[PDB]
């Protein structure tokens, strides 16, 4: 097979800046005819692959001139000059010269952005979940940047870090932010032995912890 190794695996880049992504094949992908059926696809979260470049350097129809491709025989590069927020996605190279056709493991484009403090909300368990003997407390920390954010739950003043599940959205395509959910699930028994539940977020946009609570 022709191994296709792709670098970088992640590529944070500023808006406006240039970006290159390279792919190396393990043997030449020049077809016996002399042509090189080499292509770049972008796939956005929740979307089918998008054809960017074919035959090493030809932009497909309606593709922005900021995208361009280069390389010969075993080494190729895609350049995005001026990264826009919309170029969020994962880029994959493909060779279609030798059967079987193989793809690169992909490169994730991450956009470095100006900073944004999260909007945080915490929710009590619902009566329906307490009637099932379970109490999950949920905290939302929506539309922030950077993605590095440390969240700590506290229960009557003391940290708890068992029964915590975090989930992160992909980076938003229009305004480039991340959002996150953090749930504390407690058994109802443990829930009714306590009074204050605190979701608190440490993020570089703040010098204070951002704290949200409620009391039973």
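Positions refer to the first chain, counted from 1.
When 15 to 23 is weighed against 201 to 209, 201 to 209 comes out higher, by mean CA B-factor as recorded in the entry. Taking only CA atoms, the mean B-factor in the PDB entry is higher for 103 to 111 than for the other of 117 to 125 and 103 to 111.
The residue among 137, 141, 85, 78 whose C-alpha atom has the highest B-factor in the PDB entry is 85. For the set 185, 43, 181, 176, the maximum C-alpha B-factor listed in the entry falls on 176. Compared with the other modelled residues of the chain, the Cα B-factor recorded for residue 57 ranks in the middle third.
Ranked against the other modelled residues of its chain, the C-alpha B-factor of residue 152 as given in the entry falls in the middle third.
In this PDB entry, the Cα temperature factor of residue 171 sits in the middle third of its chain's modelled residues. When the modelled residues of the chain are ordered by their C-alpha B factor, residue 189 lands in the middle third. For residue 30, the recorded CA B-factor ranks within the lowest third of the chain. Only modelled residues enter the ranking.
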